[PDB]
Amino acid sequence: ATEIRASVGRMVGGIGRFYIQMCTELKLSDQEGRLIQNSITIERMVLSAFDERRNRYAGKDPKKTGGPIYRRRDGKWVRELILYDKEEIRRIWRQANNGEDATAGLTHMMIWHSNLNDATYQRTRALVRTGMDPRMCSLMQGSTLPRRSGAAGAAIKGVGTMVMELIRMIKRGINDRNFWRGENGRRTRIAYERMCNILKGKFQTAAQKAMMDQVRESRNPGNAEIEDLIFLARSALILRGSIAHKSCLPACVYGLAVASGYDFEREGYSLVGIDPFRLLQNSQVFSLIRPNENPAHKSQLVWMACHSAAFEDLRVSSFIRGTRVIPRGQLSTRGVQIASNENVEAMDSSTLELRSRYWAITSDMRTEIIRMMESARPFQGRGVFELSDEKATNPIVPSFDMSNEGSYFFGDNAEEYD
């Protein structure tokens, strides 16, 4: 049902309209409004404004949000801090979404933040702290997503992310008996069970799924379940999970699309085919560049975040991109966000290069999972099409430098997420 394209069209058109309104409201020039650091501050503000936790009770007004906005003053970039009532941001978001809930658009910006974090930060320390292997880095899609992300969030979380969450719950349960006991212990028990079914949904073999059934129905979850969850994570390195992959773009790309009269509602939109590639092909996004950062390396980071491509084979990504997509360890860039202590007056901006050449579309079960792992074969470039091939009629034959590393995480030196 083309109704799905209709609904997704309306979500991203809402984000666009919101972004245009926030730019007029903050008196951003159209140049400043194409700065990805501005997009991320505005996206963080609408997300905080709708984060109903609050704890109205040190010196930080809980009714207020904001952050850094970067403006051209006298031929250089300057940091100006802003402060906004959450209430007015909510009003601007509802007014752009014509009074609807528009929670889908919020979760969409969240999945964009999660995909950018996956492309930017290392989680090997979080893995070691949990008794997981560093090799499980390739299984950590969505590992920085909040609780509040619902079904779209859960859909993109990798096996490692789910296993890390279940191990963190088991350990609190080991730590205190009265974690599992009475009224509130009843609560965390179904949260535990749901988390098991979400991870069960991701496994594609009956053996792996059965093992999760066993993990879900232990009355005293402890080390034996952690050990079984570690075994399952290791198996997911060869008998791979089914993980949803959603290309979500910064609000400033949807904003520039709606300002140019693009009608997302009528054309529809999809996070899965040509649609994000078409928008990125005609995009004009600027980024602040630190001194001695390579802007082509910053471009790779953002292209990768936008196409949710951190966990994809680099040779496949290279082919679709039409320029080499290199391991993170070889990038001369740090992340998009500028820290508070950084000097932005020393920083130039570059147009990000976001185009592509192509677009694209317990012991029994242990034994059986080992047999399958040994039997497994040791391309992924299938549904690649020309941008002129709107209907996917002419699959392009993949062309790889097969001697390049497949994993984005080979030789990784990225900052640890914190």
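Numbering starts at 1 and runs along the sequence shown.
Answer with none, 1 to 3, 4 to 9, or 10 or more: how many deposited residues between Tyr57 and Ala58 are not present in the coordinates.
Going from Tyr57 to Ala58, the model skips 4 to 9 residues of the deposited sequence.
If you average the CA temperature factors as listed in the entry, which stretch comes out higher, 233-241 or 216-224?
The deposited B-factors put 216-224 ahead on the C-alpha mean.
Output the stretch having the higher mean C-alpha B factor in the entry; the candidates are 120-128 and 248-256.
Comparing averages over the C-alpha atoms only gives 120-128.
When you compare the CA B-factors of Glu165, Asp275, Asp101, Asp313 as listed in the entry, which one comes out on top?
When the deposited C-alpha B-factors of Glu165, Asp275, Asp101, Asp313 are compared, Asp101 is largest.
If you compare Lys171, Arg321, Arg334, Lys202, which has the highest Cα B-factor in the entry?
Among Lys171, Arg321, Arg334, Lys202, the highest C-alpha B-factor in the entry belongs to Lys171.
So where's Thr351 on the chain's Cα temperature factor ranking, which third?
Bottom third by C-alpha B-factor.
State the tercile, meaning the lowest, middle or highest third, of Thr161 with respect to the CA B-factors recorded for its chain.
It belongs to the lowest third of the chain when residues are ordered by C-alpha B-factor.
Please say which third, lowest, middle or highest, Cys306 falls into when its CA temperature factor is compared across its chain.
For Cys306, the deposited C-alpha B-factor lands in the lowest third.
Against its chain's modelled residues, does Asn394's Cα B factor rank lowest, middle or highest third?
Within its chain, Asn394 is a middle-third residue by C-alpha B-factor, going by the deposited values.
By the record's CA B-factor, is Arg357 among the lowest, middle or highest third of residues in the chain?
Within its chain, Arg357 is a middle-third residue by C-alpha B-factor, going by the deposited values.
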